[PDB]
Amino acid sequence: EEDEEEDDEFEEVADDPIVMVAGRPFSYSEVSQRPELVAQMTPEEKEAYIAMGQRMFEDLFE
């Protein structure tokens, strides 16, 4: 949780980030594996999902 020990924020308890595809809520991991979904994603949805994914790969140590 947020109140663990170290100072942090944005308490999240969801494993997979629920992303919306065509106005419906599905798993992000699912959409990242289903092109038919991202292709159905509206500009708002795709840009959101795509923004989410980008932030997940904007920190690499390899």
# chains A, B, ... in the order shown; residues from 1 in each chain; ligands from 1

call {"tool": "select_by_dssp", "arguments": {"residues": "chain A", "states": "alpha helix (DSSP H)", "output": "ChimeraX atom specification"}}
result
/A:28-31,35-38,43-56

call {"tool": "closest_residue", "arguments": {"among": "A:3, A:30, A:59, A:47", "to": "residue A:16", "atoms": "only C-alpha atoms"}}
result
A:30

call {"tool": "closest_residue", "arguments": {"among": "A:8, A:2, A:36, A:62", "to": "residue A:22", "atoms": "only C-alpha atoms"}}
result
A:36

call {"tool": "atom_distance", "arguments": {"atom1": "atom CA of residue A:29", "atom2": "atom CA of residue A:44"}}
result
18.2 Å

call {"tool": "residues_around", "arguments": {"residues": "residue A:23", "least_positions_apart": "5", "cutoff": "12 Å", "atoms": "only C-alpha atoms", "output": "list in words"}}
result
residues 18, 37, 38, 40, 41, 42, 43, 44, 45 and 46 of chain A

call {"tool": "residues_around", "arguments": {"residues": "residue A:56", "least_positions_apart": "4", "cutoff": "12 Å", "atoms": "only C-alpha atoms", "output": "list in words"}}
result
residues 17, 28, 29, 49, 50, 51, 52 and 60 of chain A

call {"tool": "write_last_selection", "arguments": {"atoms": "N, CA, C and O atoms", "output": "PDB file, in the first residue's frame"}}
result
ATOM      1  N   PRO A  17      -3.333  -2.939 -15.489  1.00  0.00           N
ATOM      2  CA  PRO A  17      -4.044  -1.681 -15.637  1.00  0.00           C
ATOM      3  C   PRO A  17      -5.184  -1.824 -16.629  1.00  0.00           C
ATOM      4  O   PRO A  17      -4.959  -2.044 -17.816  1.00  0.00           O
ATOM      5  N   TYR A  28      -4.875  -4.475 -19.822  1.00  0.00           N
ATOM      6  CA  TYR A  28      -3.875  -3.828 -20.659  1.00  0.00           C
ATOM      7  C   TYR A  28      -3.002  -4.861 -21.356  1.00  0.00           C
ATOM      8  O   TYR A  28      -2.732  -4.747 -22.553  1.00  0.00           O
ATOM      9  N   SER A  29      -2.583  -5.878 -20.608  1.00  0.00           N
ATOM     10  CA  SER A  29      -1.745  -6.936 -21.156  1.00  0.00           C
ATOM     11  C   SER A  29      -2.443  -7.599 -22.338  1.00  0.00           C
ATOM     12  O   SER A  29      -1.805  -7.989 -23.315  1.00  0.00           O
ATOM     13  N   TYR A  49      -3.633   4.330 -23.888  1.00  0.00           N
ATOM     14  CA  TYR A  49      -3.017   3.011 -23.782  1.00  0.00           C
ATOM     15  C   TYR A  49      -1.553   3.072 -24.200  1.00  0.00           C
ATOM     16  O   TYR A  49      -0.670   2.545 -23.524  1.00  0.00           O
ATOM     17  N   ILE A  50      -1.322   3.736 -25.319  1.00  0.00           N
ATOM     18  CA  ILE A  50       0.006   3.897 -25.876  1.00  0.00           C
ATOM     19  C   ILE A  50       0.875   4.735 -24.943  1.00  0.00           C
ATOM     20  O   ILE A  50       2.072   4.480 -24.796  1.00  0.00           O
ATOM     21  N   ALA A  51       0.263   5.713 -24.285  1.00  0.00           N
ATOM     22  CA  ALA A  51       0.986   6.552 -23.335  1.00  0.00           C
ATOM     23  C   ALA A  51       1.370   5.726 -22.114  1.00  0.00           C
ATOM     24  O   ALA A  51       2.448   5.901 -21.543  1.00  0.00           O
ATOM     25  N   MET A  52       0.470   4.829 -21.722  1.00  0.00           N
ATOM     26  CA  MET A  52       0.698   3.945 -20.589  1.00  0.00           C
ATOM     27  C   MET A  52       1.868   3.020 -20.889  1.00  0.00           C
ATOM     28  O   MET A  52       2.782   2.876 -20.077  1.00  0.00           O
ATOM     29  N   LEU A  60      14.859   1.975 -18.659  1.00  0.00           N
ATOM     30  CA  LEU A  60      15.600   0.755 -18.924  1.00  0.00           C
ATOM     31  C   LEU A  60      17.018   0.872 -18.389  1.00  0.00           C
ATOM     32  O   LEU A  60      17.629   1.941 -18.444  1.00  0.00           O
TER      33      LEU A  60
END

call {"tool": "closest_residue", "arguments": {"among": "A:1, A:57, A:39, A:27", "to": "residue A:15", "atoms": "only C-alpha atoms"}}
result
A:27

call {"tool": "atom_distance", "arguments": {"atom1": "atom CA of residue A:4", "atom2": "atom CA of residue A:55"}}
result
23.8 Å

call {"tool": "select_by_dssp", "arguments": {"residues": "chain A", "states": "strand (DSSP E or B)", "output": "MDAnalysis selection string"}}
result
chainID A and resid 18:21 24:27

call {"tool": "atom_distance", "arguments": {"atom1": "atom CA of residue A:19", "atom2": "atom CA of residue A:48"}}
result
8.3 Å
